[PDB]
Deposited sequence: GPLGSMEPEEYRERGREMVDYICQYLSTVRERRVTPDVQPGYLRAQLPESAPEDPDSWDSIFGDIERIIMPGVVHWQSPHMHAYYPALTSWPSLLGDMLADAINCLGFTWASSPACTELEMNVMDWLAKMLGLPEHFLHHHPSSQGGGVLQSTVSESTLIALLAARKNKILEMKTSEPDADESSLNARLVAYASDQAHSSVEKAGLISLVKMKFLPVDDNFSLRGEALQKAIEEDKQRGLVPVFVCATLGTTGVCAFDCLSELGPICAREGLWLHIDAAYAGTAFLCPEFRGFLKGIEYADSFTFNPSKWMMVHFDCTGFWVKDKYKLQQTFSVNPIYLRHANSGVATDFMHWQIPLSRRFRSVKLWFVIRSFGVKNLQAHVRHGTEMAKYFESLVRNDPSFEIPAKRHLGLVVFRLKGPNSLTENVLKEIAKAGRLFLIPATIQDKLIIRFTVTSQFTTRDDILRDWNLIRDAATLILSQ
């Protein structure tokens, strides 16, 4: 296409997008498709000659959207949110067009510099300690963008195990890094995200999930008791992943207790705040951040609740030297971010993050978190009022968990009945013996009418199953 044609088709894609996002409630949230559905819809080989633009654009409705799960639907209530927004779209449009890479400062200074300043903005917005800021005069730390929390949590564990292997290597400089790795043990709550076990599997570091209390929170006592048992077995505690906003029921590990134990015992403390981190924009949700000063690293996803489209992960370290010795065989104004991550190439993700922060400003991002939380509090009060249902865990943010009283099958059957029309998207989880519906408030545009309408579909399905 000529530049003149791109200006038309760009306008055409903007108008399509504005309509799509504005009218998304009218879509079936989950597609009715079977695995393998799309192959008979596409040619077996790429086209030799150009397909016309009208044909490609036509295929968006004709063959992409019928298989999409509309994550931007207010009726999406599975997993955790992943929100886009207008500013976010416009930010990536520029980055995609410059298409620079920032493996080093030199390879595109703006890509590193904007990211450094904005991660400092964001650490401040969250109430993170000063020792995570690139520009605090005493800091050894800073923030870098990653693609996922999964990888951020893997990088934290690779930094923890390399650091502690290098310490142990000075008493045993004949011992193999990999042989010393065999003694290490890492811990997390038994509520931790699968990415914590996946980091263990990738790194061949032994990973132990610890029991939790009545609020599904990991406590000081359980970490301390595990550390004592494993040390007396000759294992070397190296790492804890403390989760602020667990996937299942959005519980919070007890940082004021886990922090001191990790510092005393020499364990790298890594905070998975994937979802809940966005809440820390608001002062009144910072209670769960108590003990943050003991963390060696912290990660959360703006790409969940903060209205930046995926990919966008915040990761902070207290000690960037420990991070870089993980990733470079030889171990605060500017840096080469290739030494803070797994790959070489990295793109200009800071543009969309910057635009979102600037376009909303901090107050409206706070208002968004408070609104989302009130919509979940509203949803909760509708469940709580209906004596067929029960709430087996506390709602702290935008996630309500509930179930029909009696056997699991009643809850299974309400889920199946709702899956027939797919007017909302729900996914079952389990907490102990209990099957539960997770209800995640998602879209920044969710209203109390959306909430009531989804509650009434759930109630109509419960009425069906109970009669």
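According to the record, no C-alpha positions are given for deposited positions 1 to 5, 337 to 344, 481, numbered from 1.
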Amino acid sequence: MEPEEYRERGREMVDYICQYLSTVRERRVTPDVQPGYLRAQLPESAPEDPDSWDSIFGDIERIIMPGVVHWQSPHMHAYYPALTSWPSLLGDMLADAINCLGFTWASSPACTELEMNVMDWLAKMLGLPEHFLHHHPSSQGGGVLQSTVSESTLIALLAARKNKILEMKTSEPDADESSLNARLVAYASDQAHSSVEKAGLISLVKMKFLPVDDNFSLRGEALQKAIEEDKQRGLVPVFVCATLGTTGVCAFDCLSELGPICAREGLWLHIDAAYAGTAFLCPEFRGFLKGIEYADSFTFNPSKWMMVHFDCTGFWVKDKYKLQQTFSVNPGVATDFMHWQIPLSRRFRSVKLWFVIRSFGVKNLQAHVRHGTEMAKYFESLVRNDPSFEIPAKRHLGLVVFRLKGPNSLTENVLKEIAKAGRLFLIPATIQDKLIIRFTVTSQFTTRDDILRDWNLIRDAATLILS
From here on, numbers count along this sequence of modelled residues.
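Of the other compared PDB entries of this protein that include residues on both sides, at least a third leave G332 without atoms. Higher mean CA temperature factor, per the PDB entry, when comparing 162 to 170 with 383 to 391: 162 to 170. Per the PDB record, of the two stretches 88 to 96 and 136 to 144, 136 to 144 carries the greater mean B-factor over its C-alpha atoms. Of the residues listed, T153, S73, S256, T243, the entry assigns the biggest Cα temperature factor to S256. Across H396, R347, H309, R264, the entry's maximum B-factor at the CA atom is seen for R264. In the deposited entry, the Cα temperature factor of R438 places it in the lowest third of its chain's modelled residues. In the deposited entry, the Cα temperature factor of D190 sits in the middle third of values across the chain's modelled residues.
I292 sits in the middle third of its chain by CA B factor, as recorded in the PDB entry. Sort the modelled residues of the chain by CA B factor and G332 lands in the highest third. The PDB entry assigns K225 a C-alpha temperature factor belonging to the highest third of its chain's modelled residues.
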